[PDB]
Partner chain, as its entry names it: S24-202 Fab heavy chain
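For reference, the chain that follows is the form solved without the partner chain, supplied as structure tokens.
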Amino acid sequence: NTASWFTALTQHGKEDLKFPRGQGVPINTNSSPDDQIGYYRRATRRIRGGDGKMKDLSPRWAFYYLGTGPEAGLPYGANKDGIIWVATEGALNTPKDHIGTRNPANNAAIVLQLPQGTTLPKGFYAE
């Protein structure tokens, strides 16, 4: 049982996450140009709201390197609801088992940061 290497993006708006081609891979100085590829997975948590009724919190979208997390078996570009793909120019379309997922017992999450020119899509924030 593991976690994303990075903190999540919170969807405060109403649009599903998407990044233009070449953008969206979180910065990780412990990874190489070939490794810069993966997917974000949506996770919507439910909570007992103020009025006693169950309700959805804002969705979170967590990054996983290609071939590693809850959808480790998916090839790049696979169509699946709640899954969107990202790849930096020059990345290799190969699984990243050498990066894998994070064990929270011995590694903090990396704060999700994107290169300077990239801005997060509308309604998206790295909290």
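Residue numbers count along the first chain shown, from 1.
Peer 1: Please compare 111 to 119 with 7 to 15 and name the stretch with the higher mean C-alpha B-factor in the deposited structure.
Peer 2: Per the PDB record, 111 to 119.
Peer 1: Between 64 to 72 and 87 to 95, point out the one with the higher average CA B-factor as the PDB entry records it.
Peer 2: That would be 87 to 95.
Peer 1: In the PDB entry, which of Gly52, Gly38, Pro26, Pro59 has its C-alpha at the highest B-factor?
Peer 2: Out of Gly52, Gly38, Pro26, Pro59, the record gives the largest C-alpha B-factor to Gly52.
Peer 1: Could you place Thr44 in the lowest, middle or highest third of its chain by Cα temperature factor, using the values in the record?
Peer 2: Middle third, going by the recorded CA B-factors of the chain.
Same protein, other form: the form deposited with the partner chain bound, not shown, and the subject of what follows.
Peer 1: Which of the residues spanning 1 to 25 lie within 4.5 Å of the partner chain in the bound PDB entry, based on heavy atoms?
Peer 2: Heavy-atom contacts to the partner chain in the bound PDB entry: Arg21, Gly22.
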